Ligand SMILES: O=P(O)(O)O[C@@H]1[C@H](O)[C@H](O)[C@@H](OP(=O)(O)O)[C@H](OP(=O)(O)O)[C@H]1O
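Presented as structure tokens, the chain that follows is alone, the form solved without the named molecule.
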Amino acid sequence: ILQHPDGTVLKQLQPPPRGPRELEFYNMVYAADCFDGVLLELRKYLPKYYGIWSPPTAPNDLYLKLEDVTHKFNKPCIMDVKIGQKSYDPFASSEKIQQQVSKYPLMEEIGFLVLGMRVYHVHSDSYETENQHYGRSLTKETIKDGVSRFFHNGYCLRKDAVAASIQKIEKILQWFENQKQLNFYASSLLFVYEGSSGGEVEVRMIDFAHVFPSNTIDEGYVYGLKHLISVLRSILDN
């Protein structure tokens, strides 16, 4: 992810087949002649898409030009959470499935995985970061406190940001309960709140290299969103 001063990001296509699939997902959803109500509503929850981009002298080098969802914030606190029971897609080989499950074997049980976080601390005027090994260390016993850490700043637990995140996730959950045409594997939610209010909170769906046509409810995604909502709700009682 390359942050651009004009409030966009450039996301380089992943190697094939993943990058090409993500490009086609954004192209399908943001097609100018699309009047599918399901896809028009989905646009609200994604970063705005500005099309494929490549450097003027390098047509080989492929990026997606996307809205930087952190751009309106002064000291953005950012958390990325992978959603679902399965990180592997319906056409994964046995080895691929094993690779994905071994990255975090609690995915089926918990339904989400914290990929990372960046939290502004007011007392020190500094950021605390967690990498992928943080989230992969969390279990049923530690997931509540693991998620809570994201909302520790301003000398307090930011229950305003927690409640706002629940309210934003609930709209995404409602979209998922009103569509049976896409299933999403290894996709994420990006959470942003203001570290420097309820509060400017942003919750956006990202990472679409494993989105497939479906005939059913995305049950794993729904389970993960619900569990994540339940965890967030329990943090409101702290």
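In case it trips you up, residue 1 is the first one in the sequence shown, and so on.
Another form, the form deposited with the named molecule bound, is not on view; read the next lines as being about it.
- Site accessibility, open: after C-alpha superposition of the site, the named molecule as positioned in the deposited complex shows no atom within 2.4 Å of the backbone or C-beta atoms of the displayed chain.
- In the deposited complex, the named molecule sits beyond 4.5 Å of every heavy atom of residue 153.
- Among heavy atoms of residue 103, some come within 4.5 Å of the named molecule in the deposited complex.
- For residue 86, no non-hydrogen atom is located within 4.5 Å of the named molecule in the deposited complex, even though that partner is not displayed.
- Contact annotation: residue 227 falls outside 4.5 Å of the named molecule in the deposited complex, judged by heavy atom distances.
- Here the marked residues 140, 159 and 235 all miss the named molecule in the deposited complex; none has a heavy atom within 4.5 angstroms.
- Screening 186, 201, 172, 182 for any heavy atom within 4.5 Å of the named molecule in the deposited complex leaves a single hit, 186.
- Of all the residues from 141-157, none has a non-hydrogen atom no more than 4.5 Å from the named molecule in the deposited complex.
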